[PDB]
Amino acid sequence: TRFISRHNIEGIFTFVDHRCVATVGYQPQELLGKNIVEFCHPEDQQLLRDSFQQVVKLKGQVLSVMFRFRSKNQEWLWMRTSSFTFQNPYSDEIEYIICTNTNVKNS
């Protein structure tokens, strides 16, 4: 299973689907406001920051990243996050990132 989130380009969660409870253990409000990188394994923090940086250059194409995400029940879960920018072409608002987040096997 999996949950969608939306982030601003700095990685901050701005929307989280409630499917996240079953996936990583938090309620939407425990994620909303916080930067995703705060839930990520210190060895995977930089790859993840660099991934947010790149998704915004890839012309709305899908960028995938695998990283360890600290669940509420304390454990490192392997996550596959596929993400893409969206920007309403009727406006010139800053784009943001849409993410799908799935628990996958590292194996």
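Counting begins at 1, following the sequence as shown.
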Can you let me know which of the two, 22 to 30 or 37 to 45, has the higher average C-alpha B-factor in the entry?
22 to 30
Hey, which bit's got the bigger mean C-alpha B factor in the entry, 51 to 59 or 78 to 86?
51 to 59
Among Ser107, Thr102, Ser5, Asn8 - the residue whose C-alpha B-factor is largest in the record
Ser107
What third of its chain, lowest, middle or highest, does the C-alpha temperature factor of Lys72 fall into?
highest
Among modelled residues of the same chain, the CA temperature factor third for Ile94
highest
